[PDB]
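**Student:** Here's my sequence, what's the structure:
(one chain, ligands or ions: 2)
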Amino acid sequence: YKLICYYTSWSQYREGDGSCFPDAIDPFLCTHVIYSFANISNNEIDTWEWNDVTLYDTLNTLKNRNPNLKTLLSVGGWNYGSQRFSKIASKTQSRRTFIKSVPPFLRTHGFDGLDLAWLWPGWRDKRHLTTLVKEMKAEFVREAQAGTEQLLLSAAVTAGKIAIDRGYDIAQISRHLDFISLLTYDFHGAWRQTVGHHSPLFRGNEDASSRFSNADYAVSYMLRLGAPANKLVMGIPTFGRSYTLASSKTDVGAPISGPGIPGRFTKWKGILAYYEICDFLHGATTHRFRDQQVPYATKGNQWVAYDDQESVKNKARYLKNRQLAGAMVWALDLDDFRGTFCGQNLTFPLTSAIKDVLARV
Ligand SMILES: *[C@@H]1O[C@H](CO)[C@@H](O)[C@H](O)[C@H]1NC(C)=O
Ligand SMILES: CC(=O)Oc1ccccc1C(=O)O
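**Tutor:** Numbering: from 1, shown residues only. Ligands and ions are numbered 1, 2, ... in the order given. Here you go:
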């Protein structure tokens, strides 16, 4: 079973103990470590940060410790216009320039493949997303001829039913892709003027407002659309989402005034790291959606839907039974990487719990 772990390039700026570089990463933790993010310019893969070349090197040296670890580089992400990506993929010469540009860049910096983080294609874009993956793969196949082991090509897919339908032809891209990472942690939109869990496993017996907002639906649907199990990786959040309550009402359907306050380290409204969360838990009221098997916390006018070791193992169990390829972790820098915030002296608590589960019978 593959354990695919993402690392973010900006994690480095976070203040104090939030500062995370790639040298903090335990080399036998994951199987595939992906580095976000990579930019495009002059229609070809380029770096984002001012010192990615150093960081790439720091990552791809961890491979000296674990000769078997594989490392990919992801392209795009959100801080990067769909319109931009779309512009490149929709034309035959810009799509070819960019493609032609990857293998050498990737080989220069030690990466073993490319992850396509197109934070999402429109419906006019679906056709080119297929053409882009198809042609991209063909290039990795033609450079394999030159000695070095073939470059892995993976894609990052959203788990929202409308989104999949809009810009992804699953049956077609699953052939050309080495694995698909399904983003099962964005199941609770902004508009929702209430609390709710973003990465629930099951529906929720309370009042199905759209039988589709959970990992289980999303998984069935991909396997239904034709993505083989041996190619699916379920996405597991290592972070939580906070919201500021609009009343003292704290359970299902509770009203919401807007996102929760910024964390001390992550400094972003509406989101918290697991290390920031273990700290928040102190003097909080914890609960659990029996139905959806995921926890949430609450203190003051702050309510959080998050993922703990039990929930994360429970997901890691589910996907084994489903016989999927493995799990994907949205982010390493957001797990308790120093292992100094969550009680037990264990670094990467959350990602370790899974790893353990992937090796059980
Ligand atoms: C990446 O590409 C865009 C357009 O190619 C360029 O204008 C911009 O400076 C780059 N963005 C970053 C964050 O490097
Ligand atoms: C999604 C993720 O990686 O966490 C964040 C989300 C929004 C803004 C900042 C961060 C962060 O990395 O600190």
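**Student:** CA atoms for contacts and neighbours, from now on please.
**Tutor:** Noted.
**Student:** quick one: residue 240 is in a strand?
**Tutor:** Yes: assigned with DSSP: H, G, I helix; E, B strand; the rest coil, residue 240 falls within a strand.
**Student:** Is it in contact with residue 308, as I believe?
**Tutor:** No: the pair residue 240 and residue 308 fails to qualify as a contact (C-alpha atoms under 8 Å) at a distance of 9.7 Å.
**Student:** which of the two has more neighbours?
**Tutor:** A direct count of neighbours by other C-alpha atoms under 10 Å for residue 240 and residue 308 places residue 240 higher, at 24 against 21.
**Student:** Tell me what that one is bridged to.
**Tutor:** Taking DSSP bridges as the rule, residue 240 bridges to residue 272.
**Student:** Contact partners for it?
**Tutor:** By C-alpha atoms under 8 Å, 6 or more residues apart in numbering, the contact list for residue 240 reads 271-274, 277, 304-307.
**Student:** measure the closest residue to residue 8 other than its chain neighbours to residue 56 for me?
**Tutor:** Distances taken as C-alpha to C-alpha, 6 or more residues apart in numbering put residue 36 closest to residue 8, at 5.0 Å, once the chain neighbours are dropped. From residue 36 across to residue 56, the span is 10 Å (C-alpha to C-alpha, to the nearest Å).
**Student:** give me the number of residues near the residue nearest to residue 197 when sequence neighbours are not counted?
**Tutor:** Closest residue in space to residue 197, ignoring its immediate chain neighbours: residue 305 at 5.2 Å, by C-alpha to C-alpha, 6+ apart. Residue 305 has 26 neighbours, counted by other C-alpha under 10 Å.
**Student:** Report the secondary structure state of residue 268.
**Tutor:** At residue 268 the chain is in coil, as set by three-state DSSP.
**Student:** Let me know whether it touches residue 262 as I believe.
**Tutor:** Yes: between residue 268 and residue 262 there is a contact under C-alpha under 8 Å: 4.6 Å.
**Student:** Find the closest residue to ligand 1 in the stretch 151-300 of the chain.
**Tutor:** Here the stretch 151-300 of the chain gets closest to ligand 1 at one residue, residue 268, 18.6 Å apart by C-alpha to the nearest ligand atom.
**Student:** Within range of ligand 1, give me the residues from the stretch 1-150 of the chain.
**Tutor:** Applying C-alpha under 6 Å from any ligand atom, we find that the stretch 1-150 of the chain lies next to ligand 1 at 39-41, 48.
**Student:** sorry, back to before: list just the nearest of the contacts of residue 240 to residue 12.
**Tutor:** residue 273 (14.2 Å; C-alpha to C-alpha).
**Student:** Just confirm the closest one contacts residue 237, I think it does.
**Tutor:** No: assessed by C-alpha under 8 Å, residue 273 is found out of contact with residue 237, at 9.8 Å.
**Student:** Buried only: go through the residues of the stretch 1-150 of the chain next to ligand 1 for me.
**Tutor:** Neighbour-count burial (16 or more other C-alpha atoms under 10 Å) is assigned, among these, to 39-40, 48.
**Student:** taking the residues you listed one by one, which sit in strands?
**Tutor:** Judged by DSSP state E, strands contain the following of those: 39-40.
**Student:** Please parse the chain into its domains.
**Tutor:** 1-238+307-361, 239-306 (curated CATH domains).
**Student:** Now do the same contact list for the closest residue to ligand 2 within the stretch 251-361 of the chain.
**Tutor:** For the stretch 251-361 of the chain and ligand 2, the shortest gap (C-alpha to the nearest ligand atom) falls at residue 266, measuring 4.1 Å. Counting by C-alpha under 8 Å, 6+ apart, residue 266 touches 14, 18, 272-273.
**Student:** Angles on the backbone of it, please.
**Tutor:** phi -70, psi -20 (degrees, to the nearest 10).
**Student:** Use 30 as the first number from now on
**Tutor:** Okay, using 30 as the starting number, the last item reads as residue 295.
**Student:** do you know how far it is from residue 41?
**Tutor:** Distance, residue 295 to residue 41, by C-alpha to C-alpha: 11 Å.
**Student:** what residues are shared contacts of these two?
**Tutor:** Common neighbours of residue 295 and residue 41, using C-alpha under 8 Å, 6+ apart, are residue 47.
**Student:** Show me what from the stretch 180-329 of the chain comes close to ligand 2.
**Tutor:** Contacts of the stretch 180-329 of the chain with ligand 2, taken as C-alpha under 6 Å from any ligand atom, map to 295, 297.
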